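Residue numbers (UniProt numbering), protein chains in the order written: chain A, 2 to 240; chain B, 8 to 127, 134 to 241; chain C, 1 to 199; chain D, 2 to 205; chain E, 2 to 251; chain F, 60 to 260; chain G, 29 to 241; chain H, 3 to 234; chain I, 4 to 241.
Just so it is clear, CB atoms sit at the ideal spot from N, CA and C, and this is done for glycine as well.
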Amino acid sequence: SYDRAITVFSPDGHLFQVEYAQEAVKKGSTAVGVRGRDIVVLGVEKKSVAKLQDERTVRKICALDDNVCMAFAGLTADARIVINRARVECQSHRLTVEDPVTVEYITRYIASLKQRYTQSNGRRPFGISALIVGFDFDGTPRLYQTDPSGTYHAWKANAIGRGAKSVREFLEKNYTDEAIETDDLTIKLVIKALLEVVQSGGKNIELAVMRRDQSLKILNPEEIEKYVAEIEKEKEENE
Amino acid sequence: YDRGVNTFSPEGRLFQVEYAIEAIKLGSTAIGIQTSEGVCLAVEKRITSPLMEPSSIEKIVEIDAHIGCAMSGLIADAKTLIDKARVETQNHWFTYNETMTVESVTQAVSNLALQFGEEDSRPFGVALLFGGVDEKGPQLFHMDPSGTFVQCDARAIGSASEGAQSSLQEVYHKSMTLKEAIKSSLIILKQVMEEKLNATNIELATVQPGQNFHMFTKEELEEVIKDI
Amino acid sequence: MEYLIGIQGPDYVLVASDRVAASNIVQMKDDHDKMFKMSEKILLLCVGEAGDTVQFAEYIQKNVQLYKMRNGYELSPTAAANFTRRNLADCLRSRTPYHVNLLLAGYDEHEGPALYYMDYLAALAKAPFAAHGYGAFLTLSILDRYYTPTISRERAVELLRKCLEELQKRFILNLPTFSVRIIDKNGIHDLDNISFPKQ
Amino acid sequence: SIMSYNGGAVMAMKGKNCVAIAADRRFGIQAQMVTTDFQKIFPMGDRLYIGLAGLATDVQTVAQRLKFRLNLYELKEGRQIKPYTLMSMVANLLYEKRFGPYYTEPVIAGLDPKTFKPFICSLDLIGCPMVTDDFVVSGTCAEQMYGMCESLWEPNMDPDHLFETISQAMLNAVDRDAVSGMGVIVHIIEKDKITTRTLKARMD
Amino acid sequence: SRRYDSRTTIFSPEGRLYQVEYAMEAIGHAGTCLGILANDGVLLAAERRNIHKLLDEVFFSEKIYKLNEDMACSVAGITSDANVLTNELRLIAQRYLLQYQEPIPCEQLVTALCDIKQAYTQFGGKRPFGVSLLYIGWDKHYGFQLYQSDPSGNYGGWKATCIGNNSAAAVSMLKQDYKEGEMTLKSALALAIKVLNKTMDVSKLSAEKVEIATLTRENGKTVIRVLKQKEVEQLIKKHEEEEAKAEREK
Amino acid sequence: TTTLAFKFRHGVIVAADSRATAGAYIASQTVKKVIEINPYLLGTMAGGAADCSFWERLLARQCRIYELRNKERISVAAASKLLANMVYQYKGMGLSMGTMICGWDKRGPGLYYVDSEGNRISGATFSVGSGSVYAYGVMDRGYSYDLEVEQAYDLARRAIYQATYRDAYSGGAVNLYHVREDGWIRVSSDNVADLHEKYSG
Amino acid sequence: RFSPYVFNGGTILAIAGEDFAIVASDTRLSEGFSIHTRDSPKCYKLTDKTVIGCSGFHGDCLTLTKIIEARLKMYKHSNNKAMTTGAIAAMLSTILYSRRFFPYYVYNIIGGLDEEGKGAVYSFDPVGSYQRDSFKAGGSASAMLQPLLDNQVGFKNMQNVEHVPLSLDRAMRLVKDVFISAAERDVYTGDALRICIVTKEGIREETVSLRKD
Amino acid sequence: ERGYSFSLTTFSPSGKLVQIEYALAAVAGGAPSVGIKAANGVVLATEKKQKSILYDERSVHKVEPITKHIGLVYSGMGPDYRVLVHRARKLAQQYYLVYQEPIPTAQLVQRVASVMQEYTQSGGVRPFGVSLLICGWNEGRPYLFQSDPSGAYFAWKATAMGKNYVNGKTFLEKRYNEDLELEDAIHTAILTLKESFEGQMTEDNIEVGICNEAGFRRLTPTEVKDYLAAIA
Amino acid sequence: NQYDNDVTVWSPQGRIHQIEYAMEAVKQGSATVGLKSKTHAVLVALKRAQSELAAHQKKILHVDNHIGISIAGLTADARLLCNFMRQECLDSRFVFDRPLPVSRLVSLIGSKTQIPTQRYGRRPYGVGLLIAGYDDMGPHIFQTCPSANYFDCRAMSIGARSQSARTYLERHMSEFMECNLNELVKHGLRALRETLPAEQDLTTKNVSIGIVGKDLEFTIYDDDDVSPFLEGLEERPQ
């Protein structure tokens, strides 16, 4: 049994392996997620595919349940084993307490799976960050994020990955009340932000919405061409 | 170059216990005051972004119906100690059919606070305040990363600790009332925080002998702000 | 002790059970449900003693739901029924064996409808029709009397009607009501909760 | 008893350059049939079969643990298994449950793959292998099957007369048994082809 | 005791981690394997490394390992680490078959192994595996499939991929000559001999220097056929006949 | 021992007797067989008096931990499911337990029945105990979903009175609770010897 | 074969008053048809406000007494106060259940003062169920003593009988009379009567002789 | 006590496992040994010089049998050899207690080499310092295999391990063909060990074991003097 | 210095420094003084605080009815041995039904604390226990140390600035074996006024006194009942 402290304190009060793992989050592809009042919208940017190869095995927007979607950044090897451990707990919750899993419950499971994991012996911390987006009972759309140290933290709009603080500065100057008026109006709010990020010229974007009663529904690159047409044409008439 | 995690200084203290005392100078400041009418207990939130939801974070959390808490330093490993304190009060209620006192909650957590090693991995980087009303009246305790707890009368914990502790020794006396101890603490928080004080940057919670643990919300809180 | 039935057709599976939750001499509940969904085209019908029918059958349900979330597509009815047989047979030679009798019903897009049969010793049997309970001694002889492999679902219900009227003629237990399902290319469908008015 | 809980009958018989195996079709619980298509003979590679009789759980359980160990053998090695080697493999599998034993009695029949020579053997429920040169039987109606084979077996038999002997051995012995019947399937293997026939038996 | 530990699990201050990047540096050299599919069938073309004149040439293949009854894999890297991974996912497919009585889908066999491979990069204080490997196979849900694993533990589906010593030279030429869904299993064989003509510095394409295995679907067979050394060289010269005509006529 | 519970338009009514015997000897007449799990849940005592007392006190510990973590109260369906799973781990070892779980929930009234064997069922009316079959006969006659409050008090009170009259192991006093929206309220506690003079004339 | 249990007799009795509590027991240890000793009381003083009585298998009564006395000291070193009467009764209910599948053959009655200076009597089964009562008897002759206190203390089955509370003087002569009747008919009833009285001052003791058959 | 539970064999930044590279240098500094299969059996030959006249040469043996039909020599260091001999003795027995059949020579090398790979990755151990040569006649055709401290293995027609192995392999390339008898392979295996020996090659300076279809055996020093006669 | 990292490593002079550095931890805690008469054992402590509003850190603990201890060092290690101390007293009272002797208790402590001073990656216990109790042989004053070497003594003093307290006890220990409890205590109180700066001494909120006695159970006196003992002392001569 390999018993060894990996993450220890610093001479000034920091944790080296935690603040190193947040940098590895900062070089993954950018994921942007907002929320409305009836429909939520989230979509990763920088698909960056080889464009002659397979694409249904490269997906980074998965489903934990019928009501919980999940996007992430960071390195994908550590990411999908967090998902498979979250898909078991949200199923064992159903064998207990009868309701479907609330979105606040499943984020505490991921954060508590990650905090004790910087505390244990012989383990490097996780190098991912996530966005957990869902609509619970009584129809309340909300989202969260997850730091690699394990601090779950709600939001109204968020953006992680490489080129996040540039987008996160752009989101606060752009998120108004009337931008969450229509469902397709909220989609162009994401599409304007990702186009203000790493390239995202319609071929590297992949959005996915959820209208609080369905599963996750990915639009093919026909509305992503149609939305980027009408968003740039709305910019070409104002300017 | 590399010591263990379990090494004494030549001056004799330790290394990583003393390092964890430095880590709680980065958290948000927190003030609790013991008054014979009851315990008031406040904190700031340190809101970073306008897009952030403000009520999702919290520092005051309750342990039982008659015991509240307040945390500083790191937050993610504070949630482990809170959950051990909640289970400990329920095992005491289960077997003895009574309420565990405020002091004996604290030493049940403080025995856990120094148990890292290389068998069976680092100290906890938090600092806690415990406000409660047991049968000896209202109490106020303060533990450490080192596992040392002591009863205080008015303790200020956070990044602005020694700046507030100087301004808190001059306003406290043994015959305060709870209505003015609340007002006295918000004057201290108004001086030390960065942003202007409103109904969203802070939150309070009081415990009285009569009623149980009560936490203020954004309707009954701003009357004290406008009548500061 | 209590009854269920397994008529299987060319492109459908017709299942039905009773609704009675019994006790010492009284009946506690008159609208019980022995029917457990796992997927959009797979049911489960469990009969046995008190604690083992509920907890084993929902233990299977959390594993079939987990297979769909990890992969995106569902199990076949054959693999689902052959996964349950492993779980009894491993837990049989143990300190706590489950004592349940069950039959599983499913439809697939490749091989069509399917019906399987099990007991408390975990033996599988691909059968065109089956039944459990003491009423199976009364009612299997009507069913192979009139069964056709090419039977329509309209006359399969009235075959089930005839098979249940005789159960209230020469059988000492009460059994007033019966809940009916049907599985086809479109999934689970509820039929009429057929019964006999005891007023 | 425990072996009479479901019934069953398996017979193997050795021919000239061929070997036949037969079994019943009934699945039932002590008085009551359930279905008449229960599989009791399982393929283990080409020209090599195994028959199982006894408790209907361990018929389906051992035939899956044995297939589990067989595919790992034929992938770690580059060849198919000899008929003699499988007999040592099954006898290991049953003897591990020395005190938790499986209630089944296997019968193995097949041709040797290089030199096409027949092979038959049978095992008890804890794995005592017994190779013979004429016939082996297993199941509930064992004593009826010895009166058939002791009076009908000939030493050198073409596959035509081998089929007629093992058919008349099964149709008369199983007819005298109560908990065995409802059809008989007969496999007869040889070095060039393989033949499966189902007999017209009493459904009584 | 903590002075002798090498800390093969921690991060680097620049964010990445060194230990698997050294292993993915060793996966660059020492071997060449490639796969292609567009229609019925999928092939693995591997280049043999030890071509010394005193060997027996047995065990039916050298870098091709039959995993299931209807899928196989080609491997690259440390060969001693390769043998432990092969007989590890070989019984993952059998314990699936023991549990469900159905052959395993080709994708979730890859995800099962790549969780074992990921765990050594994450805890235990252990050397990772310096092995990357391909996967061909068939299943009833998607048909012919093609996968690639990495020592980091992340996989992916593909249509054409090489992990050779000049793999980046090969991939740049694979996406210059292809067609989505129309390269049948003779043009794919013709394109395979063209690619490893380039990436192999040893010229003239000796028929004993390569290995080619195909996976074609026969009704209940899924025939995995390692094609013999009598039909390689006629496929070698078939490339050599057309290239003299295509050069001289241009 | 005789307990009953039925739900109607205005909440859930719970009633029980108070005699606890030992063979043919009566130990006590004042045993409170409807124990109070929470301000919003109720549980009965049927079979082993110590086994129902322990595992429902242990359930009250578990429901309190759920409320602190999730910041709302547990549902009635979730509470019985926890009790059904704890008891199942000791199946065959000889636990005697036949309790019922009552309480208001977000889906309305809740009334589930939990055995020591592993039975967990819903329903509208229940009656558990040695004299339970005497309670079913009178309760099935006067039951309606649309009963008034003072009428439903008289139904459950007289139904216990008929069970103590026939059964030898049932008797004492008649405790009576009422589960409402906000929480349960204790209604009354009448002696059977006082009800005998009441119900005669 | 080796039977792990035996019955050693004994009889205990408690009565809760308005500002007092009386716990009485005999002093005979005996099994079979023989007598071990004529001096073995059951008045055990836990605190100065709590007295327990233990009847049944004497090898368990010695063990259970020493388990409880260890756990009061573990309470005080962790809470800086003494256990109340209601806190001991809740603790011992979990001690008795902790050997559910090999139980103590012990009957227990705890009598003492509550926080308000009133009487409190808790009575146990061998598994650990309890309730608070006004008076309980336990042991061999419990079926003889319980109906008599129902008439006198409980004022049951009497018409036109006044309801005066129990004075200490009336309750002492009531206890002294009811063990004389149980000594005549029961064979396990002892020779001396150890009466312990818990008031606001402290624990008094008193010994009254009986017949010695 | 307990162990270390950490690998002391890591990847270099150049991507080379350094301890396995250093373990091969200990193999190259061992005694020379050659092995040739020829069409009916395999000849293993080694080179055994005692340091002085005081040693009893008939006490220990380089050439070791594993079963009735499998022999094994080495070229490396001494005490590491006797460990994985005793391990390989046992692995042939668990195969036989299951299948009631002598183990094939290919399947033995599957399991000996899997020990050495497992031993070069686990915690707190240094790898072995020997290479092996394994012979045997299973199902008519003979076999000749060679493992290494890394855990790989090969299938040779003829090879040489130890000192001057790069000169031995060039010598075998100009001498070996496909068609030789067993006793012709003996004469060319002593001729290649004479390329690096001392002045006198007596009946006790070498040690030769052979396989036939009759099984593995080891030559007594009587007929070893007969083969050493009429040599060179 | 490379010889100064782990408890296992010996120095070339033969002095393990990690044990010697734990002796520095007991020199950081505040002073306490224990002494005994023929029939009594008195230990007197000196509390400290951090601010004037926080309470004072207590030091004297109750182990059993005839055993009390006084701590000096880091308090979390003190509670780790105190819980061991309580446990070893009441199980001997559970088995033998007798009070465990004091000299036999401390030999369990010396075996308990010697084990981490020889393993790998195990610190010593930094704590300074003064032990006062009763055998059948009268009073006993014991001290321990982080080097697991316990000492039998008749008067000692440990903590910060304790050498001045030892000089007072050596020139007055001829009188200790005669006097009753009244001036036995204010002999020990004259030791604590020696170990202080020259302006503040004994203001009834930083001092605690514990006595175990020949007919007296071990009793801790705190900050109100100290005032009968604390009066009757002369002013500090200067």
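When rounded, the separation of the alpha-carbon atoms in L172 (chain I) and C182 (chain I) is 15 Å.
Close to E58 (chain C), with beta-carbon spacing below 7 Å, are these residues of chain A in chain order: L96. At a C-beta separation below 9 Å, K92 (chain F) has no neighbours in chain A, since its nearest C-beta there lies roughly 28 Å away. Put simply, of D:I127, D:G9, D:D134 and D:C150 the residue whose alpha carbon is nearest the alpha carbon of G52 (chain D) is D:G9.
Note: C165 (chain B) is not bridge-paired with any residue in the DSSP secondary-structure output. Around the beta carbon of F12 (chain E), 16 or more other beta carbons lie within 10 angstroms, which makes this residue buried. Taking 8 Å as the cut-off, the beta carbon of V36 (chain I) is found closer than this to the beta carbon of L195 (chain I). Runs of alpha helix (DSSP H) with 4 or more residues, each lying fully within the segment 130-185 of chain H, are found at 167-175, listed in chain order. Identification of residues in the segment 99-122 of chain G having a C-beta nearer than 7 Å to some C-beta of chain I yields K101 and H105, given in sequence order. Beta-bridge pairing by DSSP links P142 (chain I) to I:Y137. By the Cβ-count criterion, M72 (chain E) is buried, with 16 or more other Cβ atoms from all chains shown falling within 10 Å of its own Cβ.
Within the segment 172-183 of chain F, no residue places its CB atom closer than 9 Å to a CB of chain G. Restricting attention to D:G184, D:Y6 and D:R26, the CA atom closest to the CA of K201 (chain D) is found in D:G184.
Listed as beta-bridge partners of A232 (chain F) by DSSP are F:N250.
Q109 (chain H) is positioned such that its CB atom lies no closer than 8 Å to that of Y98 (chain H). Residue pairing for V51 (chain G): DSSP places it in a beta bridge opposite G:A42 and G:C224. Counting only runs of 4+ residues, the alpha helix (DSSP H) found wholly inside the segment 98-140 of chain G occupies 113-125, in chain order. Contact annotation, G162 (chain F) with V73 (chain F): C-beta distance approximately 10 Å; criterion of less than 8 Å not satisfied. Of all residues in the segment 25-56 of chain C, those with a C-beta nearer than 8 Å to a C-beta of chain F are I25, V26, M28, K29, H32, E49, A50, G51, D52, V54 and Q55, reading in chain order. For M198 (chain F), the uninterrupted alpha helix (DSSP H) segment begins and ends at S191 to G201. Here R226 (chain E) has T215 as same chain residues with Cβ atoms under 6 Å from its own Cβ, once five neighbours each way along the sequence are excluded. Under the three-state reduction of DSSP, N101 (chain C) is assigned to strand. Within the same chain, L114 come within 7 Å of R86 (chain A) by CB-CB distance, once the 5 residues on both sides are set aside.
Interface criterion met: the Cβ of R86 (chain C) is under 8 Å from a Cβ in chain E.
Residue-level contact by beta carbon holds for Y101 (chain H) and chain D, with a gap shorter than 8 Å.
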